[PDB]
file protein.cif (mmCIF, C-alpha atoms and all ligand atoms)
data_my_file
loop_
_atom_site.label_atom_id
_atom_site.label_comp_id
_atom_site.auth_asym_id
_atom_site.auth_seq_id
_atom_site.Cartn_x
_atom_site.Cartn_y
_atom_site.Cartn_z
CA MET A 1 -15.35 12.94 -21.56
CA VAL A 2 -16.34 9.93 -23.67
CA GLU A 3 -19.57 11.81 -24.40
CA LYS A 4 -17.57 13.12 -27.36
CA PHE A 5 -17.29 9.77 -29.17
CA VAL A 6 -20.87 8.81 -28.36
CA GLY A 7 -23.35 9.01 -31.22
CA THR A 8 -24.05 7.95 -34.78
CA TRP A 9 -21.28 7.71 -37.35
CA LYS A 10 -20.46 6.85 -40.92
CA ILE A 11 -17.36 6.20 -42.98
CA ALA A 12 -15.96 9.14 -44.91
CA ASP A 13 -12.36 8.38 -45.88
CA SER A 14 -9.88 5.50 -45.49
CA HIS A 15 -6.27 4.83 -46.45
CA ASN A 16 -3.94 1.84 -46.20
CA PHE A 17 -6.59 -0.31 -44.54
CA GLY A 18 -6.18 -3.49 -46.60
CA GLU A 19 -2.42 -3.60 -46.10
CA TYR A 20 -2.96 -3.12 -42.39
CA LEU A 21 -5.41 -6.01 -42.61
CA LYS A 22 -2.55 -7.97 -44.21
CA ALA A 23 -0.13 -7.01 -41.43
CA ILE A 24 -2.61 -8.74 -39.15
CA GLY A 25 -2.83 -11.87 -41.28
CA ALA A 26 -6.07 -11.45 -43.21
CA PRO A 27 -6.73 -13.18 -46.52
CA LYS A 28 -6.94 -10.93 -49.57
CA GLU A 29 -10.68 -11.61 -49.58
CA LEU A 30 -10.94 -9.82 -46.24
CA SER A 31 -8.33 -7.14 -46.86
CA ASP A 32 -10.09 -5.92 -50.02
CA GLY A 33 -13.60 -6.73 -48.80
CA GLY A 34 -12.91 -5.05 -45.47
CA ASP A 35 -11.53 -1.88 -47.03
CA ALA A 36 -14.46 -1.92 -49.45
CA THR A 37 -16.87 -1.59 -46.53
CA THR A 38 -18.67 1.56 -45.40
CA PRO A 39 -19.41 0.80 -41.73
CA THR A 40 -21.98 2.69 -39.72
CA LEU A 41 -21.12 2.89 -36.03
CA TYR A 42 -23.52 3.42 -33.15
CA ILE A 43 -21.52 4.47 -30.12
CA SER A 44 -22.70 5.17 -26.58
CA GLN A 45 -21.61 4.47 -22.99
CA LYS A 46 -22.53 4.34 -19.31
CA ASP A 47 -20.77 6.08 -16.40
CA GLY A 48 -17.74 7.03 -18.49
CA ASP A 49 -16.16 3.68 -17.72
CA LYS A 50 -18.27 1.26 -19.77
CA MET A 51 -18.53 2.00 -23.49
CA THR A 52 -21.06 0.18 -25.65
CA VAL A 53 -20.47 0.40 -29.40
CA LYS A 54 -22.06 -1.11 -32.50
CA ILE A 55 -21.13 -1.61 -36.16
CA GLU A 56 -23.35 -2.13 -39.20
CA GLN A 57 -20.56 -2.61 -41.77
CA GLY A 58 -22.31 -3.54 -45.01
CA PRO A 59 -21.36 -4.98 -48.40
CA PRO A 60 -19.28 -6.89 -49.23
CA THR A 61 -18.55 -8.59 -45.89
CA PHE A 62 -21.89 -8.29 -44.04
CA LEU A 63 -20.37 -8.56 -40.57
CA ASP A 64 -22.57 -6.54 -38.21
CA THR A 65 -21.25 -6.93 -34.66
CA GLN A 66 -20.83 -5.15 -31.31
CA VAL A 67 -18.39 -4.07 -28.63
CA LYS A 68 -19.28 -3.86 -24.93
CA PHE A 69 -16.34 -2.93 -22.76
CA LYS A 70 -15.19 -1.46 -19.46
CA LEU A 71 -12.30 1.01 -19.65
CA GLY A 72 -9.40 -0.62 -17.86
CA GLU A 73 -10.69 -4.14 -18.35
CA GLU A 74 -9.25 -6.70 -20.75
CA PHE A 75 -11.77 -8.74 -22.73
CA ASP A 76 -12.14 -11.30 -25.53
CA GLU A 77 -12.79 -10.34 -29.16
CA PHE A 78 -13.52 -12.11 -32.44
CA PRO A 79 -12.88 -9.84 -35.43
CA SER A 80 -13.55 -10.41 -39.11
CA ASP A 81 -9.94 -11.22 -39.97
CA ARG A 82 -10.55 -14.48 -38.10
CA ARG A 83 -8.01 -14.06 -35.31
CA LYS A 84 -7.83 -16.78 -32.68
CA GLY A 85 -7.02 -15.37 -29.25
CA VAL A 86 -7.61 -11.63 -29.51
CA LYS A 87 -7.38 -9.92 -26.12
CA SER A 88 -8.56 -6.31 -26.21
CA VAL A 89 -8.29 -3.54 -23.61
CA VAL A 90 -9.32 0.10 -24.07
CA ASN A 91 -8.00 3.24 -22.35
CA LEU A 92 -8.61 6.96 -22.09
CA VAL A 93 -5.69 9.09 -23.28
CA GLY A 94 -6.43 12.77 -22.79
CA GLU A 95 -8.92 13.58 -25.55
CA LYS A 96 -8.04 10.34 -27.32
CA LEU A 97 -9.30 6.79 -26.83
CA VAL A 98 -6.78 3.98 -27.28
CA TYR A 99 -7.98 0.50 -28.22
CA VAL A 100 -5.32 -2.20 -28.10
CA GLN A 101 -5.38 -5.72 -29.52
CA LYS A 102 -3.07 -8.44 -28.23
CA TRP A 103 -2.58 -11.70 -30.09
CA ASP A 104 -0.02 -14.37 -30.99
CA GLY A 105 2.57 -12.40 -29.04
CA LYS A 106 1.86 -9.10 -30.77
CA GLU A 107 0.15 -5.76 -30.25
CA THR A 108 -1.72 -3.50 -32.70
CA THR A 109 -3.30 -0.20 -31.72
CA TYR A 110 -6.18 2.16 -32.50
CA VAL A 111 -5.76 5.81 -31.58
CA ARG A 112 -9.23 7.29 -32.01
CA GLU A 113 -9.86 11.01 -31.63
CA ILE A 114 -12.49 13.51 -32.62
CA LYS A 115 -11.41 16.40 -34.83
CA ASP A 116 -13.19 18.98 -36.97
CA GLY A 117 -16.34 17.03 -36.14
CA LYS A 118 -15.02 13.73 -37.45
CA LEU A 119 -14.21 10.49 -35.66
CA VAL A 120 -10.67 9.91 -36.86
CA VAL A 121 -9.12 6.57 -36.04
CA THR A 122 -5.41 5.94 -36.70
CA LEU A 123 -4.43 2.27 -36.76
CA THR A 124 -0.97 0.97 -36.01
CA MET A 125 0.49 -2.44 -36.73
CA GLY A 126 4.28 -2.42 -36.99
CA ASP A 127 5.59 -0.14 -39.73
CA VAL A 128 2.11 -0.25 -41.21
CA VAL A 129 -0.11 2.69 -40.34
CA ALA A 130 -3.66 3.00 -41.63
CA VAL A 131 -6.20 5.80 -41.27
CA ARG A 132 -9.96 6.17 -41.47
CA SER A 133 -12.28 9.09 -40.94
CA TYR A 134 -15.96 9.04 -40.01
CA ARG A 135 -18.63 11.70 -39.93
CA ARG A 136 -21.86 11.66 -37.94
CA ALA A 137 -24.97 10.72 -39.92
CA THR A 138 -25.19 14.48 -40.60
CA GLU A 139 -26.15 14.75 -36.93
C1 LIG B 201 -14.25 4.01 -30.02
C2 LIG B 201 -15.35 3.49 -30.63
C3 LIG B 201 -15.18 2.51 -31.73
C4 LIG B 201 -15.04 1.31 -31.54
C5 LIG B 201 -15.01 0.71 -30.18
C6 LIG B 201 -14.92 0.57 -32.68
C7 LIG B 201 -14.74 -0.79 -32.73
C8 LIG B 201 -14.93 -1.58 -33.99
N1 LIG B 201 -14.84 -1.11 -35.26
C9 LIG B 201 -15.08 -2.13 -36.12
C10 LIG B 201 -15.06 -2.00 -37.60
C11 LIG B 201 -13.98 -2.55 -38.23
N2 LIG B 201 -14.03 -3.50 -39.32
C12 LIG B 201 -12.76 -3.83 -39.62
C13 LIG B 201 -12.36 -4.77 -40.70
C14 LIG B 201 -13.32 -5.42 -41.41
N3 LIG B 201 -14.66 -4.92 -41.69
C15 LIG B 201 -15.37 -6.06 -42.55
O1 LIG B 201 -16.49 -6.13 -43.02
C16 LIG B 201 -14.20 -7.03 -42.57
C17 LIG B 201 -14.27 -8.34 -43.26
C18 LIG B 201 -13.20 -6.65 -41.97
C19 LIG B 201 -11.96 -7.45 -41.88
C20 LIG B 201 -11.22 -7.65 -43.01
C21 LIG B 201 -11.83 -3.07 -38.71
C22 LIG B 201 -10.35 -3.14 -38.72
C23 LIG B 201 -12.58 -2.33 -37.89
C24 LIG B 201 -12.07 -1.42 -36.82
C25 LIG B 201 -11.41 -0.23 -37.42
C26 LIG B 201 -12.39 0.89 -37.56
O2 LIG B 201 -13.19 0.91 -38.53
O3 LIG B 201 -12.43 1.81 -36.70
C27 LIG B 201 -15.32 -3.28 -35.39
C28 LIG B 201 -15.64 -4.63 -35.95
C29 LIG B 201 -14.55 -5.04 -36.88
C30 LIG B 201 -14.45 -6.52 -37.06
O4 LIG B 201 -15.37 -7.16 -37.64
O5 LIG B 201 -13.43 -7.12 -36.64
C31 LIG B 201 -15.23 -2.93 -34.06
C32 LIG B 201 -15.42 -3.81 -32.87
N4 LIG B 201 -14.99 1.49 -33.81
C33 LIG B 201 -15.19 2.94 -33.19
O6 LIG B 201 -15.31 4.03 -33.72
#
call {"tool": "encode", "arguments": {"input": "protein.cif", "output": "structure tokens"}}
result
Amino acid sequence: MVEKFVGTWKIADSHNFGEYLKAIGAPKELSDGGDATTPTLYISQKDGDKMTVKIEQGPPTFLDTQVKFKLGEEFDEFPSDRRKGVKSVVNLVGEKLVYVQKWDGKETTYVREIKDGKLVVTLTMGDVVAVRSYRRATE
């Protein structure tokens, strides 16, 4: 099932990402800089219940990091927005993968789904809804 997100990826199109970043208390520096980025994912997994992901973002932020999670298990995360006390948790929702961030008494969400070959992640904080679209490294 999750063998559909697995692979190599690359930014293609984004919209309303900086303002999202603001909704989640990021300084302008990081809202702009973060939107400015063209991140290159490297996604894979083991036993359809433990997904290992990577991110080579790039200029201007230079924050290359990694995810390593079990699906159904809450874990700790330290994003680039500099959030103290992020508690993630990722689920499988039909053909979609739902990544949820808890912090300071709030919840933001990432509904990722493959479509027309692209890894399309919709991002939801309050009334603010962002969208980005990735393509495989011409796989
Ligand atoms: C389902 C597989 C999958 C997973 C698990 C995934 C996770 C994922 N996607 C991103 C990129 C990444 N980077 C940022 C934001 C930034 N980028 C910058 O250089 C800066 C400074 C900021 C902050 C202002 C966000 C919001 C995301 C996640 C959204 C996305 O690109 O999908 C990160 C690191 C972001 C950070 O530094 O906080 C992670 C863990 N992406 C996928 O496709």
call {"tool": "residues_around", "arguments": {"input": "protein.cif", "residues": "residue 26 (chain A)", "least_positions_apart": "5", "cutoff": "9 Å", "atoms": "all atoms listed in the file", "output": "PyMOL selection string"}}
result
chain A and resi 18+20-21+31+80-83
call {"tool": "residues_near_ligand", "arguments": {"input": "protein.cif", "ligand": "ligand LIG 201 (chain B)", "cutoff": "6 Å", "atoms": "only C-alpha atoms and all ligand atoms", "output": "JSON, numbers by chain"}}
result
{"A": [30, 31, 33, 34, 37, 53, 57, 61, 62, 63, 66, 67, 79, 80, 81, 121]}
call {"tool": "write_last_selection", "arguments": {"input": "protein.cif", "atoms": "C-alpha atoms", "output": "mmCIF file, in the frame of the given file"}}
result
data_model
loop_
_atom_site.group_PDB
_atom_site.id
_atom_site.type_symbol
_atom_site.label_atom_id
_atom_site.label_comp_id
_atom_site.auth_asym_id
_atom_site.auth_seq_id
_atom_site.Cartn_x
_atom_site.Cartn_y
_atom_site.Cartn_z
ATOM 1 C CA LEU A 30 -10.940 -9.820 -46.240
ATOM 2 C CA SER A 31 -8.330 -7.140 -46.860
ATOM 3 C CA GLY A 33 -13.600 -6.730 -48.800
ATOM 4 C CA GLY A 34 -12.910 -5.050 -45.470
ATOM 5 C CA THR A 37 -16.870 -1.590 -46.530
ATOM 6 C CA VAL A 53 -20.470 0.400 -29.400
ATOM 7 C CA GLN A 57 -20.560 -2.610 -41.770
ATOM 8 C CA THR A 61 -18.550 -8.590 -45.890
ATOM 9 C CA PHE A 62 -21.890 -8.290 -44.040
ATOM 10 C CA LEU A 63 -20.370 -8.560 -40.570
ATOM 11 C CA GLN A 66 -20.830 -5.150 -31.310
ATOM 12 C CA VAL A 67 -18.390 -4.070 -28.630
ATOM 13 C CA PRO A 79 -12.880 -9.840 -35.430
ATOM 14 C CA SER A 80 -13.550 -10.410 -39.110
ATOM 15 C CA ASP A 81 -9.940 -11.220 -39.970
ATOM 16 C CA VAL A 121 -9.120 6.570 -36.040
#
call {"tool": "closest_residue", "arguments": {"input": "protein.cif", "among": "A:52, A:14, A:109, A:122", "to": "residue 38 (chain A)", "atoms": "only C-alpha atoms"}}
result
A:14
call {"tool": "atom_distance", "arguments": {"input": "protein.cif", "atom1": "CA of residue 51 (chain A)", "atom2": "CA of residue 75 (chain A)"}}
result
12.7 Å
call {"tool": "closest_residue", "arguments": {"input": "protein.cif", "among": "A:71, A:89, A:24, A:55", "to": "residue 123 (chain A)", "atoms": "all atoms listed in the file"}}
result
A:24
call {"tool": "atom_distance", "arguments": {"input": "protein.cif", "atom1": "CA of residue 120 (chain A)", "atom2": "CA of residue 84 (chain A)"}}
result
27.2 Å
call {"tool": "closest_residue", "arguments": {"input": "protein.cif", "among": "A:91, A:124, A:138, A:133", "to": "residue 39 (chain A)", "atoms": "all atoms listed in the file"}}
result
A:133
call {"tool": "closest_residue", "arguments": {"input": "protein.cif", "among": "A:11, A:88, A:74, A:106", "to": "residue 25 (chain A)", "atoms": "all atoms listed in the file"}}
result
A:106
call {"tool": "closest_residue", "arguments": {"input": "protein.cif", "among": "A:135, A:36, A:64, A:2", "to": "residue 17 (chain A)", "atoms": "all atoms listed in the file"}}
result
A:36
